[PDB]
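Have a look at the structure below, then the notes.
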Amino acid sequence: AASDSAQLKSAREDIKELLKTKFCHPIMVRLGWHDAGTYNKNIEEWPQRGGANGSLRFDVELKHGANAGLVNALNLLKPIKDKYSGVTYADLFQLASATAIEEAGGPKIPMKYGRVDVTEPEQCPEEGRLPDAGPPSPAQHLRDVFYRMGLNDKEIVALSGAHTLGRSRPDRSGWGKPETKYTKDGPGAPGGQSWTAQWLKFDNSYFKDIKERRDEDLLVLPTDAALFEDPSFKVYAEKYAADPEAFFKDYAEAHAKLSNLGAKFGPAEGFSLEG
Ligand code: HEM
Ligand code: NA
Ligand code: NA
């Protein structure tokens, strides 16, 4: 009865209702990125290459250190997933993320769907393909991880801007204060430490805050700091801090690129919902 494209649209409606009710925009963006971020451009075969294939839905991968707390996001999406047999987790994760950015006031991401789902937890990538926030050499570590995905310096800086959304919890990743004046009252579950004052608003404030460092309640990870310390990253970081339009353009394109990493589409070229 309902076409697969129609189901994705219905799922998007459900997601928008979920975001309006739970204020869970940030975790949805993190979920999508952690499914896609395991992509390795050097591996040819699907699903060994990792990436956007819905493997992140399995306990084995959710248990990876970098994925602490993501089971909450999966659980929030499960009820929606159950309504649509024609919607894959691979697509649902990316749909929830893109919708989250947009509902949060971000740019419209040029998205395509039709991603195929892996079927067994044995197809999940091994742990260690996602970045650490506190390595000995942050900037080089970012290159090691993102260059492997086939992403460049521009994309590394632009995508890091997603930290304008959400916060860190010492009970999850281990970073951040237990709470601050900006998070102690929610909305959603209070607590943790945000990078920006309005952590439910998608704008270029992340770049301004990590550079200014005037607010002790605002978080700055070694990898965020690397954006302004690195001779190449700083070019884009300063540009985004001063040009919100430039950030939105580069962000939309980078987010779309990330969302496709390692995926196998059906049909091969995928399909659009509003093209
Ligand atoms: C540059 C490599 C990155 C590192 C080292 C990193 C690290 C972190 C850490 C430590 C947290 C705290 C999580 C917690 O407390 O539960 C976090 C949260 C988050 N990150 Fe990243 N991140 C990176 C890249 C990205 C990218 C590329 C995006 C998406 C375009 C992103 C989106 C988010 C979001 C939305 C949250 C907040 C989730 C929430 O509030 O529950 N991150 N990240
Ligand atoms: Na995956
Ligand atoms: Na923000």
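Every chain in the structure tokens has a letter given in the order shown (A, B, ...), and although residue numbers restart at 1 in each chain, ligands are simply numbered from 1 in the order shown.
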
Env of residue A:147: 12 Å cut, atoms = only C-alpha atoms, seq-sep filter 2 positions within chain, self excluded. Answer as a compact mmCIF listing (two decimals) with N, CA, C and O atoms, in the first residue's frame.
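File selection_12.txt, as written:
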# COMPACT_ATOMS: atom_id res chain seq x y z
N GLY A 37 30.40 7.11 10.42
CA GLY A 37 31.81 7.33 10.73
C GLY A 37 32.77 6.16 10.77
O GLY A 37 33.97 6.37 10.93
N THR A 38 32.27 4.93 10.64
CA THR A 38 33.16 3.78 10.66
C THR A 38 33.62 3.42 9.25
O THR A 38 34.30 2.41 9.05
N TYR A 39 33.26 4.24 8.27
CA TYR A 39 33.66 3.98 6.89
C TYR A 39 35.17 4.02 6.66
O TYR A 39 35.87 4.89 7.20
N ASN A 40 35.68 3.08 5.87
CA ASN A 40 37.10 3.02 5.52
C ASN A 40 37.16 2.96 3.99
O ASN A 40 36.82 1.94 3.39
N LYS A 41 37.58 4.06 3.38
CA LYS A 41 37.65 4.15 1.92
C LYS A 41 38.60 3.12 1.30
O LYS A 41 38.51 2.83 0.11
N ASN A 42 39.49 2.57 2.11
CA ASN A 42 40.47 1.60 1.62
C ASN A 42 39.92 0.18 1.51
O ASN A 42 40.57 -0.69 0.93
N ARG A 129 37.23 2.64 14.88
CA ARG A 129 37.21 3.48 13.69
C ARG A 129 36.71 4.89 13.95
O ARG A 129 36.88 5.78 13.12
N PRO A 131 36.70 8.49 16.20
CA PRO A 131 37.69 9.32 16.89
C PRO A 131 37.62 9.39 18.41
O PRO A 131 36.57 9.17 19.01
N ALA A 139 44.98 17.06 16.28
CA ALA A 139 44.88 17.40 14.86
C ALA A 139 45.28 16.24 13.96
O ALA A 139 44.58 15.94 12.99
N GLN A 140 46.39 15.57 14.27
CA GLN A 140 46.81 14.44 13.46
C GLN A 140 45.82 13.29 13.60
O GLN A 140 45.54 12.58 12.63
N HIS A 141 45.30 13.10 14.81
CA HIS A 141 44.34 12.03 15.03
C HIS A 141 43.10 12.28 14.16
O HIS A 141 42.56 11.34 13.57
N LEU A 142 42.66 13.53 14.08
CA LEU A 142 41.49 13.84 13.26
C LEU A 142 41.77 13.50 11.80
O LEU A 142 40.89 12.99 11.09
N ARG A 143 42.98 13.77 11.33
CA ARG A 143 43.32 13.44 9.96
C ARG A 143 43.35 11.93 9.77
O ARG A 143 42.85 11.41 8.77
N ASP A 144 43.93 11.21 10.73
CA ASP A 144 43.99 9.75 10.62
C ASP A 144 42.60 9.14 10.45
O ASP A 144 42.41 8.25 9.63
N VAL A 145 41.64 9.64 11.22
CA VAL A 145 40.28 9.12 11.18
C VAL A 145 39.45 9.59 9.99
O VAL A 145 38.85 8.78 9.29
N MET A 149 38.06 8.07 5.90
CA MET A 149 36.68 8.11 5.41
C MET A 149 36.62 8.77 4.04
O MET A 149 35.60 8.71 3.36
N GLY A 150 37.71 9.42 3.65
CA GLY A 150 37.73 10.10 2.37
C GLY A 150 37.27 11.54 2.50
O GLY A 150 36.94 12.18 1.50
N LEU A 151 37.23 12.05 3.73
CA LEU A 151 36.81 13.43 3.98
C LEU A 151 38.05 14.32 4.12
O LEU A 151 39.11 13.86 4.55
N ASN A 152 37.93 15.59 3.75
CA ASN A 152 39.05 16.52 3.80
C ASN A 152 39.04 17.48 5.00
O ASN A 152 38.15 17.41 5.86
N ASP A 153 40.02 18.38 5.04
CA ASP A 153 40.13 19.34 6.13
C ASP A 153 38.89 20.22 6.27
O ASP A 153 38.44 20.50 7.38
N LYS A 154 38.36 20.66 5.14
CA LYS A 154 37.18 21.49 5.15
C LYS A 154 36.05 20.73 5.83
O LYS A 154 35.38 21.25 6.72
N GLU A 155 35.84 19.49 5.41
CA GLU A 155 34.78 18.66 5.97
C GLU A 155 34.99 18.34 7.45
O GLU A 155 34.04 18.28 8.22
N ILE A 156 36.24 18.16 7.85
CA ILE A 156 36.54 17.87 9.25
C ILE A 156 36.08 19.04 10.13
O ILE A 156 35.44 18.85 11.15

Env. residues ligand 2 / 6 Å / only C-alpha atoms and all ligand atoms / as a PyMOL selection string: chain A and resi 35-36+50-56

Expected answer as a list in words: residues within 10 Å of ligand 3, only C-alpha atoms and all ligand atoms: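 Written in the requested form, the residues are residues 26, 104, 105, 106, 161, 162, 163, 164, 165, 166, 167, 194, 195, 196, 197, 198, 199, 200, 201, 202, 203, 204, 205, 206 and 209 of chain A.
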
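With only C-alpha atoms and all ligand atoms as the atoms that count, the minimum distance from ligand 1 to the choices A:11, A:235, A:6, A:109 is reached by A:109.
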
Selection: 9 Å around residue A:169, only C-alpha atoms, excl. self and same-chain fewer than 2 positions, as a PyMOL selection string: chain A and resi 167+171-179+191-193

Residue nearest ligand 1 - candidates A:90, A:252, A:74, A:133, atoms counted: only C-alpha atoms and all ligand atoms: A:133

Residue list (helix (DSSP H, G or I), DSSP) for stretch 12-188 of chain A, as a ChimeraX atom specification: /A:12-22,25-36,55-57,59-62,65-67,71-83,89-103,121-123,138-149,153-164

Atomic distance atom CA of residue A:273 - atom CA of residue A:111, expressed in Å with one decimal: 8.1 Å

Near-residue A:69 list (12 Å; only C-alpha atoms; drop same-chain fewer than 4 positions) as number ranges by chain: A: 27-28, 30-31, 34, 59, 61-65, 73-76, 168-174

Any chance you can output those residues with N, CA and C atoms as a PDB file, in the first residue's frame?
ATOM      1  N   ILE A  27      21.269  13.888  20.118  1.00  0.00           N
ATOM      2  CA  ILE A  27      21.617  12.475  20.088  1.00  0.00           C
ATOM      3  C   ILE A  27      21.310  11.828  18.738  1.00  0.00           C
ATOM      4  N   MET A  28      20.316  12.343  18.018  1.00  0.00           N
ATOM      5  CA  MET A  28      19.994  11.778  16.711  1.00  0.00           C
ATOM      6  C   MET A  28      21.110  12.087  15.706  1.00  0.00           C
ATOM      7  N   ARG A  30      24.257  12.591  16.535  1.00  0.00           N
ATOM      8  CA  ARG A  30      25.384  11.766  16.958  1.00  0.00           C
ATOM      9  C   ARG A  30      25.186  10.318  16.478  1.00  0.00           C
ATOM     10  N   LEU A  31      23.965   9.799  16.607  1.00  0.00           N
ATOM     11  CA  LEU A  31      23.670   8.431  16.175  1.00  0.00           C
ATOM     12  C   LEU A  31      23.981   8.249  14.687  1.00  0.00           C
ATOM     13  N   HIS A  34      27.697   8.295  14.032  1.00  0.00           N
ATOM     14  CA  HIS A  34      28.436   7.121  14.468  1.00  0.00           C
ATOM     15  C   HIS A  34      28.178   5.857  13.658  1.00  0.00           C
ATOM     16  N   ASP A  59      23.770  -4.533  19.548  1.00  0.00           N
ATOM     17  CA  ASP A  59      24.406  -4.401  20.850  1.00  0.00           C
ATOM     18  C   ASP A  59      25.934  -4.422  20.782  1.00  0.00           C
ATOM     19  N   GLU A  61      27.974  -3.330  18.573  1.00  0.00           N
ATOM     20  CA  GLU A  61      28.531  -2.044  18.165  1.00  0.00           C
ATOM     21  C   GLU A  61      28.124  -0.929  19.136  1.00  0.00           C
ATOM     22  N   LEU A  62      26.919  -1.016  19.691  1.00  0.00           N
ATOM     23  CA  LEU A  62      26.475   0.003  20.639  1.00  0.00           C
ATOM     24  C   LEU A  62      27.380  -0.008  21.871  1.00  0.00           C
ATOM     25  N   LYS A  63      28.002  -1.158  22.129  1.00  0.00           N
ATOM     26  CA  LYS A  63      28.886  -1.308  23.281  1.00  0.00           C
ATOM     27  C   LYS A  63      30.272  -0.708  23.092  1.00  0.00           C
ATOM     28  N   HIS A  64      30.577  -0.256  21.883  1.00  0.00           N
ATOM     29  CA  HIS A  64      31.876   0.357  21.650  1.00  0.00           C
ATOM     30  C   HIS A  64      31.955   1.604  22.527  1.00  0.00           C
ATOM     31  N   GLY A  65      33.146   1.902  23.034  1.00  0.00           N
ATOM     32  CA  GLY A  65      33.312   3.059  23.895  1.00  0.00           C
ATOM     33  C   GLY A  65      32.782   4.357  23.309  1.00  0.00           C
ATOM     34  N   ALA A  73      19.157   6.506  21.822  1.00  0.00           N
ATOM     35  CA  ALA A  73      18.673   7.020  20.546  1.00  0.00           C
ATOM     36  C   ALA A  73      18.003   5.905  19.749  1.00  0.00           C
ATOM     37  N   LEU A  74      18.633   4.736  19.724  1.00  0.00           N
ATOM     38  CA  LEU A  74      18.065   3.601  19.018  1.00  0.00           C
ATOM     39  C   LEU A  74      16.687   3.308  19.605  1.00  0.00           C
ATOM     40  N   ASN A  75      16.613   3.241  20.932  1.00  0.00           N
ATOM     41  CA  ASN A  75      15.351   2.956  21.612  1.00  0.00           C
ATOM     42  C   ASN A  75      14.259   3.970  21.295  1.00  0.00           C
ATOM     43  N   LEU A  76      14.644   5.240  21.164  1.00  0.00           N
ATOM     44  CA  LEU A  76      13.697   6.301  20.829  1.00  0.00           C
ATOM     45  C   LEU A  76      13.170   6.114  19.404  1.00  0.00           C
ATOM     46  N   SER A 168      28.104  16.970  26.489  1.00  0.00           N
ATOM     47  CA  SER A 168      28.885  15.797  26.868  1.00  0.00           C
ATOM     48  C   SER A 168      28.550  15.469  28.327  1.00  0.00           C
ATOM     49  N   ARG A 169      28.550  14.184  28.659  1.00  0.00           N
ATOM     50  CA  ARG A 169      28.245  13.754  30.020  1.00  0.00           C
ATOM     51  C   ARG A 169      29.369  12.876  30.548  1.00  0.00           C
ATOM     52  N   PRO A 170      29.858  13.161  31.765  1.00  0.00           N
ATOM     53  CA  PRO A 170      30.939  12.331  32.306  1.00  0.00           C
ATOM     54  C   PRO A 170      30.514  10.868  32.502  1.00  0.00           C
ATOM     55  N   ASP A 171      29.207  10.621  32.506  1.00  0.00           N
ATOM     56  CA  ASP A 171      28.675   9.268  32.661  1.00  0.00           C
ATOM     57  C   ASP A 171      28.525   8.560  31.308  1.00  0.00           C
ATOM     58  N   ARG A 172      28.848   9.268  30.228  1.00  0.00           N
ATOM     59  CA  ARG A 172      28.803   8.688  28.888  1.00  0.00           C
ATOM     60  C   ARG A 172      30.217   8.627  28.330  1.00  0.00           C
ATOM     61  N   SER A 173      30.633   9.672  27.623  1.00  0.00           N
ATOM     62  CA  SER A 173      31.978   9.713  27.057  1.00  0.00           C
ATOM     63  C   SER A 173      33.022   9.935  28.148  1.00  0.00           C
ATOM     64  N   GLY A 174      32.611  10.557  29.246  1.00  0.00           N
ATOM     65  CA  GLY A 174      33.537  10.821  30.332  1.00  0.00           C
ATOM     66  C   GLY A 174      33.999  12.267  30.358  1.00  0.00           C
TER      67      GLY A 174
END

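Each of A:238, A:245, A:224, A:13 was checked against ligand 1 using only C-alpha atoms and all ligand atoms; the smallest atom-to-atom distance is that of A:224.
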
Stretch 117-260 of chain A: residues DSSP assigns to strand (DSSP E or B), reported as a VMD selection string: chain A and resid 167 to 168 193 to 194

Dump of N, CA and C atoms for the selected residues, as a CSV table (one decimal), in the first residue's frame:
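Final output, result-v1.csv:
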chain,number,residue,atom,x,y,z
A,167,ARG,N,25.5,18.2,24.2
A,167,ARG,CA,26.4,18.3,25.3
A,167,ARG,C,27.1,16.9,25.6
A,168,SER,N,28.1,17.0,26.5
A,168,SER,CA,28.9,15.8,26.9
A,168,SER,C,28.6,15.5,28.3
A,193,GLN,N,27.5,18.9,29.9
A,193,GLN,CA,28.1,20.2,29.6
A,193,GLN,C,28.0,20.5,28.1
A,194,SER,N,27.5,21.6,27.7
A,194,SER,CA,27.4,21.9,26.3
A,194,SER,C,28.5,22.7,25.8

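Counting from atom CA of residue A:190, the distance to atom CA of residue A:21 is 14.6 Å.
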
Counting only C-alpha atoms and all ligand atoms, the residue of A:19, A:189, A:124, A:68 that sits nearest ligand 1: A:68

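Note that atom CA of residue A:4 and atom CA of residue A:114 are 8.7 Å apart.
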
Contact residues around stretch 120-123 of chain A with only C-alpha atoms at 7 Å, ignoring same-chain residues under 3 positions, as number ranges by chain: A: 47-48, 55, 58, 60

Let's have the selection written as a compact mmCIF listing (two decimals), in the first residue's frame, with N, CA and C atoms.
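Listed below is the output, part.txt:
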# COMPACT_ATOMS: atom_id res chain seq x y z
N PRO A 47 29.59 -5.24 3.62
CA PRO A 47 29.58 -4.14 4.59
C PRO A 47 30.90 -3.98 5.35
N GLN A 48 31.92 -4.74 4.95
CA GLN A 48 33.22 -4.68 5.62
C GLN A 48 33.76 -3.26 5.71
N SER A 55 24.37 -1.01 10.92
CA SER A 55 24.97 -1.98 11.83
C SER A 55 24.97 -1.46 13.27
N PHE A 58 22.99 -2.88 16.43
CA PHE A 58 23.32 -4.06 17.22
C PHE A 58 24.10 -3.78 18.50
N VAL A 60 26.49 -5.31 19.96
CA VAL A 60 27.93 -5.42 19.84
C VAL A 60 28.60 -4.09 19.47

Nearest candidate to residue A:107 (options A:249, A:214, A:12, A:257; using only C-alpha atoms): A:249
